[PDB]
Every structure is written in C-alpha cells, then in structure tokens.
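Following: one structure in structure tokens, then a few remarks.
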Amino acid sequence: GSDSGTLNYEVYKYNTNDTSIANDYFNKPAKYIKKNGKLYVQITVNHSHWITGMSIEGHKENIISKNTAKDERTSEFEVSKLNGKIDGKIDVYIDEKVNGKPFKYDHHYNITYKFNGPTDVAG
Ligand code: HEM
Ligand SMILES: [Cl-]
Ligand SMILES: [Zn+2]
Ligand SMILES: [Zn+2]
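Right under this line is the structure:
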C-alpha cells in the first residue's frame, strides 16, 4: 500500500445510507495521509464561507489551506480508519440573496461520512 494518496467518499444523512444535502458541498476525491502513526483525511469543501465549522469523530477541523477565489477550503481531520463510516458534524450559516431574495440559514447538523479509501493502510 501507500501511506498517502486520494480517496473517494460520500456524505450521508446521519445514520442512513442516503446521500446528504451536504454532499454536493464536499469536493471529491479527498486525500489521506498516514503520519506519526496516525491516519488523516484532507477534505476540500466548496461554498466554504457558508460552512462555519466541521468536526469528524469528535475532532474539529484543522484548516490547512484556503482558496478565497473559488470559495473553497481544505481541512485535515484525524480519523480511526480510511475505509468505513464515521459520524461528524457541520455548522452552516448563510445570509445572502438566493434568486434575488434574501435567504437566512443557521444550523448545526450531524452527518455520516462513508470513506472508501485503501484497506491496507493501518494506524
Ligand atoms: C440554499 C441552501 C440550502 C437549502 C435551501 C437547504 C435546505 C434544507 C432542507 C429543506 C433540509 C431538510 C430539513 C428538515 O426537513 O428537517 C436540509 C437539511 C440538511 N442540510 Fe440544508 N440547505 C441548504 C444548504 C446547506 C448546506 C450548505 C449544507 C452543508 C454544507 C447543508 C446541510 C444539510 C444537512 C447536513 C441536512 C440534514 C439532512 C441531510 O443530511 O441531508 N444544507 N437542508
Ligand atoms: Cl464530530
Ligand atoms: Zn447557529
Ligand atoms: Zn438546526
């Protein structure tokens, strides 16, 4: 195997096998890195300015890069596995026009990640 690379994943509605409304805001694929004996994923979101916070498996995002022009950011999370489901949280805050009409949105959600990374890279 390889201790770094890309991995496919999907974001599911919490504790279901259904695609989350959140899923479109997550760029695919992510990357993974194994370092200091631990496993990490590096996930890029779009509409970054709408997503005020993220955590996975109880760990808050560590923002490693931002692209202000594309309204994207890349966040690193420690994970217990590269293949399988891990619950996470996302905070969303929107206050701007949608189709010309003011829209406001302020929610904190649970989500379930399904990671489809390699099975031969252990912690
Ligand atoms: C204009 C933008 C958006 C609209 C109109 C919208 C609308 C909705 C609606 C109607 C629900 C169902 C709530 C319920 O029935 O209780 C929902 C749930 C949800 N939304 Fe939002 N949403 C928007 C943006 C976002 C964004 C940017 C994210 C995250 C990046 C997000 C993440 C979620 C999550 C995680 C749920 C819970 C159910 C699921 O996982 O699909 N939404 N949204
Ligand atoms: Cl979490
Ligand atoms: Zn809030
Ligand atoms: Zn809410």
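In terms of the numbering used here, the sequence shown is residues 6 to 128. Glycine included, C-beta positions come from ideal geometry on N, C-alpha and C.
For ligand 2, is there a heavy atom less than 6 angstroms away from the beta-carbon of residue i?
i	result
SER60	yes
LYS90	no
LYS94	yes
With DSSP run on the structure shown, which of helix, strand or coil describes residue i?
i	result
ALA74	coil
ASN88	strand
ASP111	strand
Got a sec? Which residues, its chain only, sit under 7 angstroms from residue i by beta carbon, not counting five neighbours each side?
i	result
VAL16	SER25, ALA27, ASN28, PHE31, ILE116, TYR118
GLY63	none
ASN20	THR117
Can you have a look at residue i and say buried or exposed, based on whether 16 or more other CB atoms are within 10 angstroms of its CB?
i	result
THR49	buried
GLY89	exposed
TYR37	buried
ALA74	exposed
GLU101	exposed
Under the criterion of a Cβ to heavy atom distance below 6 angstroms, does residue i qualify as lining ligand 3?
i	result
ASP111	yes
Using only alpha-carbon positions, find the residue among the options that is nearest to residue i.
i	options	result
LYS39	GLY6, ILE91, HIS112, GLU77	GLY6
Who are the Cβ neighbours of residue i in its own chain at under 8 angstroms, not counting the five residues just before and after it?
i	result
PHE108	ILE99, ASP100, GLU101, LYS102
Any heavy atom of ligand 1 within a distance shorter than 6 angstroms of the CB on residue i?
i	result
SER80	no
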